[PDB]
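Remarks on the structure that follows.
As written, the chains take the letters A, B, C, D and E, and residue 1 is the first residue of each chain.
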Amino acid sequence: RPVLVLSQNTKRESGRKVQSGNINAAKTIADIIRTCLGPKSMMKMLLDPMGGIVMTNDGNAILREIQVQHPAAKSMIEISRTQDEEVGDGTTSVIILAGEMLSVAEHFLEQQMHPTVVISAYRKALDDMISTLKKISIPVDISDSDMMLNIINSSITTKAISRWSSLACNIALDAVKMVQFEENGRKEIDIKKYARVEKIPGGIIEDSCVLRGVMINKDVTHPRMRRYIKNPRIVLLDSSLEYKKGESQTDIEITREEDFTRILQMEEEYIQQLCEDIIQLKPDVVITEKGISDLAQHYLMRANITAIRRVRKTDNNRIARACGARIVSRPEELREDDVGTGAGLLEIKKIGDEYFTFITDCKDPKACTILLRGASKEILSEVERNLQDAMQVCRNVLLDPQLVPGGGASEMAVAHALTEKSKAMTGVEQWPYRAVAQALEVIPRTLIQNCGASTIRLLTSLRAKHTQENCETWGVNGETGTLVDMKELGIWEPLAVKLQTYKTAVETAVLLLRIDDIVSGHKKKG
Amino acid sequence: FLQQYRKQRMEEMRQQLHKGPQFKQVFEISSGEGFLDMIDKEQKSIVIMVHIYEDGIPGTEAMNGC
Amino acid sequence: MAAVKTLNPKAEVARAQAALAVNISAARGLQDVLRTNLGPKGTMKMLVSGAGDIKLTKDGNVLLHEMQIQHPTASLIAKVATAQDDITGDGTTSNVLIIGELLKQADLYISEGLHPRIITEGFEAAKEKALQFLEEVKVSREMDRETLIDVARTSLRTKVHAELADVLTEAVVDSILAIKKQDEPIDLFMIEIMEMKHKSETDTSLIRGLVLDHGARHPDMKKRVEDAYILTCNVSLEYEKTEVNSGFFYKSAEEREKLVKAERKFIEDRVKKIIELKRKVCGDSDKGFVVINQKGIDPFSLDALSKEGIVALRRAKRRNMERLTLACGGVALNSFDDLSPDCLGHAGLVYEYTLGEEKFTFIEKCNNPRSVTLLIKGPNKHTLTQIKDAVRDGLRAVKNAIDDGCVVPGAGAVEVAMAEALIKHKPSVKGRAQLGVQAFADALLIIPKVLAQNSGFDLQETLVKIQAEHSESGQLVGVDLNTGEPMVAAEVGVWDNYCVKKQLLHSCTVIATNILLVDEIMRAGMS
Amino acid sequence: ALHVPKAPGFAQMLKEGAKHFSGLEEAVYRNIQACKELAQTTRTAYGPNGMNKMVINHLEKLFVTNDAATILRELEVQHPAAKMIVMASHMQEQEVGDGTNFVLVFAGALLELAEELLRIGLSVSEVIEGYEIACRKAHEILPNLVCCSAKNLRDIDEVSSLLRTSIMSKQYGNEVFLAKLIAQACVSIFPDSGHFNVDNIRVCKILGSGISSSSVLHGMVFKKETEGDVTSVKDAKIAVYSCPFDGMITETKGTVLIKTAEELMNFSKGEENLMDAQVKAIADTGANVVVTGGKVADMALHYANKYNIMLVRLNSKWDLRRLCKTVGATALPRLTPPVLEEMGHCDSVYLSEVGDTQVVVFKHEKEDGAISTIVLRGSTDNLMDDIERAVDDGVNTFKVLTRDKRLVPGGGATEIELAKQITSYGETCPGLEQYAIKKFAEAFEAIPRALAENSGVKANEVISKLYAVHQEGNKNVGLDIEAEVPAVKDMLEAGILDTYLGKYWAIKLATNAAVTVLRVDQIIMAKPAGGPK
Amino acid sequence: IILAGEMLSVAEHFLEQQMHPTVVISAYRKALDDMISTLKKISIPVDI
């Protein structure tokens, strides 16, 4: 009975209300984590719908656990995830910057300025921001381990692990250095696959260390195996050491008395032949991604070989990288190059009430296990997140040896540079240009607000100091609320992190400024 | 002691890593006509599990997260 | 109101002082619940599950898990206590008490507008100083039998009543000393704990051997073997089908009979191997033969073995392979390809005991067993569970005392000494972190308070008496739970594990620092 | 100002359906009250003058009896402390087999007097200490109260006299006849070897002819018929096969692969010839009765009928093993003829009808064997079930007598003597534990009081007379049931005796249960949820 | 209220001991008469 052009559940909003709602949603996203930026940030408890509890002050972890209905907030969450994936740091800064730019854009949208003018001004500003950041950067000698440790410390000084700063920095640097690899003229780091972080609740955090090898939560298949081998030769396998059915249907037909016994004996002989093919290379440890039959266990034991089964594929790859082995599927094709020599010790020891396998004395290992021990699961999860941030910062510095001053010094320097450059615009785009340039002051402002000092006088003093000639490194001390040169406080961040943050915030503002109509309620129509 | 579910803990451990782009939510049916017109569509290969629930009663939140 | 509520209308948010109030209230509630557990004089709680199961308990961890609570901060504290129990095995109630007192003392200063960061800094400085003092105060002593007995007393007397604790002390100390090898880690998996429900709770004891919850499946097998050869095997002695879908084909009844007879030849071969080894080893009737198989044995093989006077047990536990190898002294076999008398274990007595529908097998009189078993006996299921938990705590305490080269005086003496040292060190701390140091010292002082309160004595008067005695004499004096007077824990024999104290300090300080820094609690996973 | 909020802390964090009881009044007194109520429900069935109770469980099944353990088992007890007392009683039943009502009554009296002590200012720890001291004193005193021993167990009259008291509380009217039956059944069992097996006594319930027509059969009786045509054998030579009475087949998969017409022609004839040869070989050993644990093939049944072989099919493996123990055969795993050692022998096997039930009887003429069966008659199923419970109590008493031969006087004499001695001991010891010791002694009065209440006399006069006589010096004097006025008589002369082990275990278990209940201070009950069983 | 509760508490013991309540009531009334007599005996005068 209703004619209807669109579906009755299709709702349309258009006009200024859409822009106002989008900018307000972005500002609300910013306000969610406005107080979680800086060395004096405070933790937040997140109640997972699955029953878990997340306790963190990291921007991405906080934002990811929040379900929102306004799609501008969804865009902001995606922006936070993109910043986390690309560089691993600056997650709160990008959100705050995007909120500030969207606010100052709404300022002009109140007047009769078209959004495209604001977008063009924002893009010009972004180009000049990139130029200014590249200008004020300084080179770094990566061979100086002290500089790398200081960089990692400045990266993790705002997290929970900042108490054990030296330990965390050493762990991250050692892991990144030993995971770095090069083959066939290609240089790679690949922190995601190798450099696994294994956390065991209990103990003390000071006992945490990065292992010179790989540790797994596995035990020997048979009790009479050796749980301590000095210089093992590790052989890695994918195929199981059992007797398996063929792919094709292979029904047998028995009419003679001895054929049943012959079939069973041939099964046993096949297992023995496989075990003998493995034994021929005289290894000490056999690791399999799949099951190992009891008869195979006995045959390996007869040759004094330790066998561990049902190891995950990623763990097997990590072990191969650590001990310099190569995974082999068919034992009859096992060759001497595939035997893993280089592991300096293998030991199965008991932690709490579980057995753990340690391969932890490898010479020149290309994979490592970071053993975390702490108060509980949530504390160790937060420590793991901080360690991930540290390793990502380390790999960013290794790939790009550039640094820029931190603590708001870079923000104020870029803001002053763009403000000075805007004096020659002599057009209509100069106002949005100057507004987005000055929107960078939100980072020092947020640092001062979290420190608890007076925002207005400190920020005015910082601006006045930055108006001088050689003062681009003058930031704000986040834990005392006083102006200080950052070449004395020694807080620096990778140029890649700042560049990615600035680019992502500007692009977020551009994307959200191009929307003036919202249609919702329609079905997927697959 | 395989029946004690030793692998259960590590199953939860790598089930925690849902995906990259958020984790979405569970679809809600508005009306019985909506239920019918979303149920008669698609093909046989699609398996559908539907949950009836009310607010406040025990057990709904846990299996909803599940 | 809040930003999250604006974004998610059906969200629960607690911001600023509200989050601190919620967390501190939860911690104080947990502490109030668990006050009455500390010390041997603590009251015993009975917990009823949904199905109606009765569980008498006094452990902090057991109480926390079986207590109907659905709070976030309670969940964090429960996780911390679970880790504490998992690693060290003792000191769960003290963990909750110290966390709660830390939070309460921190609130006492935060309510005057003090930022929690200063309190956390003071907590960290006080933790460092307390760890140094604990390193100074520990008593490094060669762990003879007397010291282990004293530690087992200090644990079990809190876990159970007097005579039961006295029995369990000897049981656990003897078991640990039996399985312990010089300069090697102690493998607690080698002490199998068995439950029987036919005697009094004081009848539990230590058997220098093994106890299996299953018996012989053939009625004709001997119920008691004097001198036994132990064959530990992992070979399926029952019928197994071909992996490649064999199937049978015949044209006559006689051919079918021939196929039936010949289909068991594979199993009969290894059965004949076992029988031949038995006959070669013991041609007389004095020495018996006991076979323990992890896999099943079909009735045909059972009859074939019983006809030769061989007792066989099937479907044994996987850990029992190692337990029998270490106890009897044989070699576990996955196949009978080449088996010799060298692979046979020895046992000086093997008999089967029956209790209703359950049959138990005893393997005793081993030469030098490296794996013993504890037989828990009681008239009730809840009694068995309580004794099980007490034995677990005692074994963990003895193992910790063996591993650590030292031991710490108990009865709250070391807490008092740490508090006094922290008070003395407070002027060395610069800034307002002295308030956090004082709060940490007062929080450490909770243990003598709770001990005196549970014993029925006055709290403040007893604590001031203990502190005055310690200050004037410089000794390590603790709370005497019978008279309330100061008592030297070291001389009496009230001992505490050094690792337990260190773990308590570290975990409690870390969790209190993390909780104090929480400014918002959110739940926005819906809609 | 119209609603009381929940107190901050644990009160608010408690779950929706949970309950939390803490303190003396909320927990200890409530638990004591629940135990008192349970003891009150079970009290009226104590002693020979106890009254049966019709109990209908959740499955609409009817139980009428005065056995305390059975009544507790078929009651939907929900209170935790009552559950603890019930499982203590069940443990006593498992250990000894009698005295469950004693355990319940003693635990209830102990908890009531503990509540009385707590109300006047005593502490829980002091009450527990006094109870433990008094229990140790009672266990020390008890061996000195033994009046006589068994002194023989192969005799029929002596065993019947000993077992009369145990089965006199149940079936008060007719206990001599049941005593004779159980004595004969137990004397048949219990060979020269000291071991005595309770499971070796079988009870067969055949309805119709009243319990006075019951009898003891030296063998076994099965409620079924015969497969074949032979229904009676006079020189039985049973051969027992655990395998089905059929030609064994392969275990993976059988397939009669016929390739020629001649094979198809000859297959069935060859199979029949093989079956006939197997059955003829079985029969050639003199076997005339075959007992199988599996199904019976038609060809095998036909050939057994041809060779005059009695076929009995037993469903239960337990029945097969018991029959092997009785006859003396070995359960063969194949269909081979039996050798002489595994050749079962029995005096007579026949198919007979009792009432309207067709049974197969394996009967030994000799007064020996490994298993003896009691054939119970009656006019009601519930009556036969109660008689079976009484028989089980008597057999358990005989087993206890085999374990320990010492007997203490019954009829409230032992409890009165224990109370007097414990009171005398507690008067000597100073300190607060004297009140607890005196209350523990007074708790023993609940047994003669219960007997007097059930017998319809004044309990106080009976107790006063018992104290007077015991103070005079006669420690073997209890109340007289066969009297409508309060009176006492010597229990040794009347032969009203109960086992020392029963008293020892019952006292120990009741004291342990009472102390364990008193130890509880806080109750945290979860939501009832489900748990159908 | 406390006195009445205690009196009923101590009466329940006899009601559970096969004693008819009328005997308890008669004893209670005799006790009340003697209580009144004793209270009047140990009283002391006061000048207003």
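Here are some notes:
By definition in this document, contacts are C-beta pairs under 8 Å (C-beta built on N, C-alpha and C of every residue); 3 or more make two chains touch, one makes a residue touch a chain.
Across the two interfaces under comparison, D-E and C-D, the one joined by more C-beta contacts turns out to be C-D.
Taking the CA centroid of chain C as reference, the farthest chain centroid is that of E.
When every chain is reduced to the mean of its C-alpha atoms, the one closest to the centre of the whole protein set is C.
Measuring from the averaged C-alpha position of chain C to that of chain D gives a distance of 38 Å. A straight line joining the Cα centres of chain A and chain D is 68 Å long. With centres taken as mean Cα positions, chain E sits 84 Å from chain A. Those residues of chain A in touch with two or more other chains are numbered 48-49, 67, 255. In chain C, the residues touching two or more other chains are 242, 246-250, 259, 263, 525-527.
Under the contact definition stated at the top, the residues of chain B that touch 2 or more other chains are 25, 65. Taken together, the chain D residues at the contact with chain E in this complex read 453, 458-460. Per the touch definition, chain B reaches chain A in the complex via residues 10, 16, 20-22, 25, 61-62, 64-66. Every residue of chain A that touches chain C in the complex is listed here, in rising order: 25, 28-29, 31-32, 35, 40, 42-49, 53, 55, 65-70, 73, 160, 163, 201-205, 222-224, 243-246, 250-255, 257-258, 260-261, 263-265, 267, 294-295, 297-298, 301, 349-350, 352-353, 374-379, 382, 452. The touching residues of chain D, counted against chain C in their complex, run 8-15, 18, 78, 80, 83-84, 87-88, 91, 94-95, 242, 247-259, 263, 266-267, 270-271, 273-274, 321, 330, 333, 508-509, 512, 516, 519-531.
Note for the complex: chain C touches chain D at residues 25-26, 28-30, 32-33, 36, 43-52, 54, 56, 66-71, 74, 197-198, 200-201, 219-220, 239, 241-242, 246-254, 256-257, 259-260, 263, 299-300, 303, 356, 379-383.
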